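Here is the structure we will look at, set down as structure tokens.
Neighbour counts run over all protein chains shown; Cβ positions are idealised from the backbone, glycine included. All of this is worked out from the model, or read from it or from the source named; these are not laboratory values.
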Amino acid sequence: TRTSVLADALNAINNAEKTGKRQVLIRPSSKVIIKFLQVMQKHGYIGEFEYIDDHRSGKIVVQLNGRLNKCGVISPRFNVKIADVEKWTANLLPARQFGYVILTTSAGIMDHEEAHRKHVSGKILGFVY
Amino acid sequence: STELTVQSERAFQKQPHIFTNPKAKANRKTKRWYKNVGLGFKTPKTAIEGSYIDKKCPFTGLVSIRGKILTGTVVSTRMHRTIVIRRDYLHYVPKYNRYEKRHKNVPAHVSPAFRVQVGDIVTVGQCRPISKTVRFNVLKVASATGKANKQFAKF
Amino acid sequence: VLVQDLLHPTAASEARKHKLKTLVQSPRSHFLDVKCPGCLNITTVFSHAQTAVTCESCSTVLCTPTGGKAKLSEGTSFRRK
Amino acid sequence: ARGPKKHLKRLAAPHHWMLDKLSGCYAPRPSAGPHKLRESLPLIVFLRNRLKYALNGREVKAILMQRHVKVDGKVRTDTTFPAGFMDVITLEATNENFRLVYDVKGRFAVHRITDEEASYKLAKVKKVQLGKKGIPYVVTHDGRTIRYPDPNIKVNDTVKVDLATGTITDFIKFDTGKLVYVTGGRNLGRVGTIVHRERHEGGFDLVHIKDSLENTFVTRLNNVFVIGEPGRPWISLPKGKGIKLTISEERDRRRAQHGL
Amino acid sequence: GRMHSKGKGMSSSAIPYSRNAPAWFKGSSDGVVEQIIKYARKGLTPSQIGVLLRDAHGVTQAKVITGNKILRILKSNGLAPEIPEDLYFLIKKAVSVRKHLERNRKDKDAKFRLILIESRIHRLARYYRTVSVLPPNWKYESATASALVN
Amino acid sequence: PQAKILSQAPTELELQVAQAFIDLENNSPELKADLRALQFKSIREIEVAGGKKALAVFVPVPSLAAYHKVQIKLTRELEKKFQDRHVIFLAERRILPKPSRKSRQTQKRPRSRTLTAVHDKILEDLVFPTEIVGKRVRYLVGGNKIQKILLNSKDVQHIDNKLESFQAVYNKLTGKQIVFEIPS
RNA sequence: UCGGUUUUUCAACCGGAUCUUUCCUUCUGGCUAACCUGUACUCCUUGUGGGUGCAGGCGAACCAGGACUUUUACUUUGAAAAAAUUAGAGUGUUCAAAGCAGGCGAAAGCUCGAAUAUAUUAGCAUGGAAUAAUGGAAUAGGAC
Ligand SMILES: [Mg+2]
Ligand SMILES: [Zn+2]
């Protein structure tokens, strides 16, 4: 079995980026993945995503800018506290200030900076750049 | 839990310091005393309707409830007035950022008022050390999952 | 290969791929109405019929299911509807 | 093991005494008293270090045994007498009267008061029991008992004691929207008006408290001590009005007051 | 991935979109239901019923035309098998294997296959027990399986 | 007509619709006896931005099948008689609220009473027997949800010049931006 | 303006409030405070500037009383975690480690002190309800 759909999607995206291909096909998709993509779009890491979210499960096709470098996951979604977020950023993000650690928080799925602004940490979902 | 055969023992069971008048008969004959335990845990009507005994009872005995109230799963009733409740867990190990799973077999007292079966969510409150291990006693028993008595055989 | 539209696939490309692998998971199977040489009205038969089939009243074999599709006996006329 | 602890070590001592950790290895353990060891403040800690009226234990003894010192009413011959909260210390020399009230940051500040307010103690109601013969008695937070009170006195209420006699003149009923004092924990010595109660079942009962600077803080009823109506206190408060100022504010104050 | 034997195998039956019409494949739902009921009465499994429908009548899925699936419909009208189809089939298979073993014992491959089948049954059985279908404690050995047969 | 058609009480639009229905009945054989089970709930004459108007009718959910059995011709007649205002038939589906973390959860809440599925159902209904074969969704760079609705080329003459109006109606109903399309 | 101070024009960033086609445990009332209100009308600039005021009628601004509440795992805030130590303020122990004092007048006597922050996890109360399980009404003994 595929256990983490989001992870697989991210892997696919990464592979596409590596290739230089400017379109993907996320296979099972839906909800969390969609939200992640939305967040990415907000900062403009992916160009435009369109899903044949049909009568089954959903299939996302991402027309992407290619400016995205890498987009991770971590499937043991660790319960991030408001202080060790810095540590996480240091570990995961390349630059000190460029890039976004994706957090699934009670306030919703968004990047790290936005979470900080709302002062709600949650669980790590992934990261871009 | 027990149920039926009330006084039948070596010593005849009495609710202490409380008395029923044998001179004149009123309406429902016997007065059995009961306390409203508190903390919003509803009293069972079966405790008043059905006349057992039990000194250890939260409701009909001189047992009080103050402290910590825990909830767990009923595992063992192969006993008498006693119940083994498995408490669940997530013990966080700092080293790996991850959670363990652990078992705590909290042994508690089951009042004859309450009907309890193996494999149910049960609320238990602190008490006077009533046995070697038993320091808790039943407060409320919910349904097994959602169905009350619908579990039956095939067509 | 730079850009391929994975939302508007061409009529040949889709045909090349099988059944489920296409963007819309749809059956390749078109199940048919039959006009047998005996009866006077239409009856429905599946292209991949699994078991033996009878027309209407008389026990007349329409299709023998071998492998994928159904071997339509003798020669009957049929439409996709 | 074996029995009760008699000595006390100058490190194991409570924090809001600010005793010199180096000079001396034993602190004064306050004796058996009205207030809790943690809450209470002994006389030698006070007299020797807060006021600087003495410099040695011998000196303190001399001060005490000559019987110029009076706490709430009586003299108290012993050194290690527990004086906690709201307690009045009247010294016969120059009539320098004090009430032991906390400061902004948690210290028993040397608050100098005249004989007018230094005549009554405020006392929190711990419990109300009907004693022998069928007599209601009220329990003060300083262990003290007053037999026959006002019938409408409940717990968490606060009561005036005239010191000269063990009698109640007036009491402040516990009400949301009545100015208050906090006596323990992380937030200590701050003053607010009480917004809302949290009743709760089975131990620990919280109240939300709001000050003049719009900063909410929630505290247990154990450390909550009512002072009176919002606006009017029954006790004169220490300098800075006893409001827990921010570190930035403190810094500003420091940088504003360079005067010689 | 196909459980026991190695081999992926993507052999899968597709289901189309629009779970409502196939309009020119006529016949009211009631008629279909009645047909299904008749089939059940004659003694056929839901899968078998479906196959029959595929063969003869203008149907696509019963979940499309009627509001319910076939098994659900059967349950509603109280005409469901004792042990839910698949399980029954598995038990039959197991019985057959046991018989074969009895006939000739040294066939170790056969024994292995029997073991596999038993395991599969157990796997199925546990889940069935969980979803309140079958009464608690269900044995699947020669003492009960033989009795069951059909 | 106040109890036969309205199922409620007020509104001039309702009265107009009732009148139209009555007029339709006066044909006599096929257009009177075949349609006496129908009930007409809330009607909203909702407008397309710059142009014509659209009569958005809500009808009972226990029926709908009945409407499908009739419809089409009736709709055409309505279009003809009430001048250039596009008639649309919809179902009054409730949408039960999301089970909050607080609040007493009365029942499981049916999957038929959700939001998204209900909306999809409405969309399916709104397109008069033509049927959807793909609900593809574009999500723009700004953060806008726009849905393509794939329609089969077999019989599109019924709608044709009503697509924009349909889209507008959908927007008015929900806020979701809708587009219709036909492949080669 | 005598380096700080707030309106406006604008951006951004949340937060809460909303009716939205879509609900906050629910009332038994306590109590209402404000108007959907208006009963009389007016102090007064030709009047929706301004509200004292009781007979139909706002729930939340908390009180106390039931009735039942799917539960958790998270996370936020708060309360806690005795001091010494560590981190860290302030302070010329001749500096430094130190300590917790000292510093300032006219050097004839009045005030700033001695902060705070973490120390995670187990319980404690709240804010959040995305994530992850868990459970609702199928032989309805189901809901109001
Ligand atoms: Mg240091
Ligand atoms: Zn023939």
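Scanning the range E:36-55 for residues that are within 12 Å of chain C (Cβ to nearest Cβ) and assigned to a loop (DSSP other than H, G, I, E, B) yields one hit, E:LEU44. Out of D:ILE194, D:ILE247, D:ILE172, D:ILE209, I need the residue that is loosely packed, with under 15 Cβ neighbours inside 10 Å, more than 30 Å from B:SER64 (Cα to Cα) and within 16 Å of RNA strand G (Cβ to nearest atom). Which one? Going through D:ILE194, D:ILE247, D:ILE172, D:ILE209 in turn, the sole match is D:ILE247.
Only one entry in C:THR43, C:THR54, C:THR10 is away from ligand 2 (no atom under 15 Å from the Cβ) and on the phi < 0 side of the Ramachandran plot, namely C:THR10.
Within the group C:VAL1, C:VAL45, C:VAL24, which residue is of a type in the set (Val, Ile, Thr) and either in contact (Cβ under 8 Å) with a residue 12 or more places away in the chain or touching a helix residue (DSSP H, G or I) at 6+ places or on another chain (Cβ under 8 Å) (or both)?
C:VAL45
Within the range A:95-129, the set of residues being within 14 Å of another protein chain (Cβ to nearest Cβ) and more than 9 Å from RNA strand G (Cβ to nearest atom) comprises A:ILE124 only. Residue pairs whose Cβ atoms lie under 7 Å apart, separated by 6 or more positions or on different chains, with the first residue in the range A:17-30 and farther than 15 Å from A:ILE60 by Cα and the second among the aliphatic types (A, V, I, L, M), are A:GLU17/A:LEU68. Answer yes if at least one residue in the range F:44-64 is more than 23 Å from F:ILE122 (Cβ to Cβ) and of a type outside the set (A, V, I, L, M), and no otherwise. Yes, because at least one residue in the range F:44-64 is more than 23 Å from F:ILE122 (Cβ to Cβ) and of a type outside the set (A, V, I, L, M). Going by the structure shown, is E:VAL33 within 14 Å of chain C (Cβ to nearest Cβ) and touching a residue at least 40 places away in the same chain (Cβ under 8 Å)? The answer is no for E:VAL33. In the range B:127-155, of all residues being among the aromatic types (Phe, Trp, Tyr) and part of a loop (DSSP other than H, G, I, E, B), the one that is farthest from the other protein chains (Cβ to nearest Cβ) corresponds to B:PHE152. Within the range D:134-151, the residues that satisfy the criterion of being assigned to a loop (DSSP other than H, G, I, E, B), in contact with a strand residue (DSSP E or B) (Cβ under 8 Å, 6 or more places away or on another chain) and exposed (fewer than 15 other Cβ atoms within 10 Å of the Cβ) are D:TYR148, D:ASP150, D:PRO151.
Could you please find all residues in the range D:116-155 being free of Cβ contacts under 8 Å to residues at least 12 places away in the same chain and over 21 Å from the mean Cα position of the chain (by Cα)? Listed by number, the residues that qualify are D:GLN129, D:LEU130, D:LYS132, D:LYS133, D:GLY134.
Checking each residue in the range D:152-182 for being under 15 Å from D:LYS210 (Cα atoms) and part of a loop (DSSP other than H, G, I, E, B) picks out D:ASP175, D:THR176, D:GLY177, D:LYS178, D:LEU179. Scan the range B:48-85 for residues that are within 14 Å of chain D (Cβ to nearest Cβ), in a strand (DSSP E or B) and in contact with a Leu (Cβ under 9 Å, 6 or more places away or on another chain) and the total you get is 1.
So that you can scan it fast, the table gives a plain yes or no per residue for (1) assigned to a loop (DSSP other than H, G, I, E, B); (2) loosely packed, with under 12 Cβ neighbours inside 10 Å; (3) touching a strand residue (DSSP E or B) at 6+ places or on another chain (Cβ under 6 Å); (4) more than 14 Å from chain B (Cβ to nearest Cβ):
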residue	(1), (2), (3), (4)
E:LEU116	no, no, no, yes
E:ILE121	no, no, no, yes
E:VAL133	yes, no, no, no
E:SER142	yes, no, no, yes
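Scanning the range C:19-40 for residues that are out of contact with any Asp or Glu (no Cβ under 7 Å at 6 or more places or on another chain) and more than 25 Å from E:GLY58 (Cα to Cα), we see that the one that is nearest to ligand 2 (Cβ to nearest atom) is C:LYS21.
Might you check whether a residue that is within 14 Å of another protein chain (Cβ to nearest Cβ), of a type outside the set (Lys, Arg) and part of a loop (DSSP other than H, G, I, E, B) occurs anywhere in the range B:10-29? Scanning the range B:10-29 turns up no residue that is within 14 Å of another protein chain (Cβ to nearest Cβ), of a type outside the set (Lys, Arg) and part of a loop (DSSP other than H, G, I, E, B).
Being surrounded by fewer than 18 Cβ atoms within 10 Å (Cβ to Cβ), in contact (Cβ under 8 Å) with a residue 12 or more places away in the chain and not charged (D, E, K, R) holds for only one residue in D:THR158, D:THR167, and it is D:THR167.
Contact annotation: residue pairs with Cβ atoms under 6 Å, 6 or more positions apart or on different chains, pairing a residue in the range D:1-28 that is within 16 Å of D:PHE108 (Cβ to Cβ) and in contact (Cβ under 8 Å) with a residue 24 or more places away in the chain with a partner that is of a type in the set (S, T, N, Q) and more than 16 Å from ligand 2 (Cβ to nearest atom), are D:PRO28/D:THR80. Within the range F:100-153, the set of residues being acidic (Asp, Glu), under 23 Å from A:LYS31 (Cβ atoms) and more than 10 Å from chain A (Cβ to nearest Cβ) comprises just one member, F:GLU124. Among the conditions (1) in contact with a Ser or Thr (Cβ under 7 Å, 6 or more places away or on another chain); (2) more than 16 Å from RNA strand G (Cβ to nearest atom); (3) of a type outside the set (A, V, I, L, M, F, W, C), the only one that E:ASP109 does not satisfy is (1). For E:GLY50, indicate whether it is touching a strand residue (DSSP E or B) at 6+ places or on another chain (Cβ under 7 Å) and surrounded by 14 or more Cβ atoms within 10 Å (Cβ to Cβ). Answer is no for this residue.
Looking only at residues of the range A:25-42 that are of a type in the set (A, V, I, L, M) and either part of a loop (DSSP other than H, G, I, E, B) or over 12 Å from the mean Cα position of the chain (by Cα) (or both), we find that the one that is surrounded by the fewest Cβ atoms within 10 Å (Cβ to Cβ) is A:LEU25.
Scanning the range D:193-207 for residues that are assigned to a strand (DSSP E or B), closer than 12 Å to D:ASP175 by Cα and not β-branched (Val, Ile, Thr) turns up just one, D:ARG197. The single residue among A:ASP53, A:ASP8, A:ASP84 that is outside the structural domain of A:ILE124 (by CATH) and over 14 Å from the mean Cα position of the chain (by Cα) turns out to be A:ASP53. When C:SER77, C:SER73, C:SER47 are screened for being out of contact with any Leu (no Cβ under 8 Å at 6 or more places or on another chain) and among the polar types (S, T, N, Q), only C:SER77 passes.
For F:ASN152, the conditions (1) farther than 23 Å from A:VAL61 by Cβ; (2) in contact with a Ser or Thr (Cβ under 8 Å, 6 or more places away or on another chain) all hold with the exception of (1).
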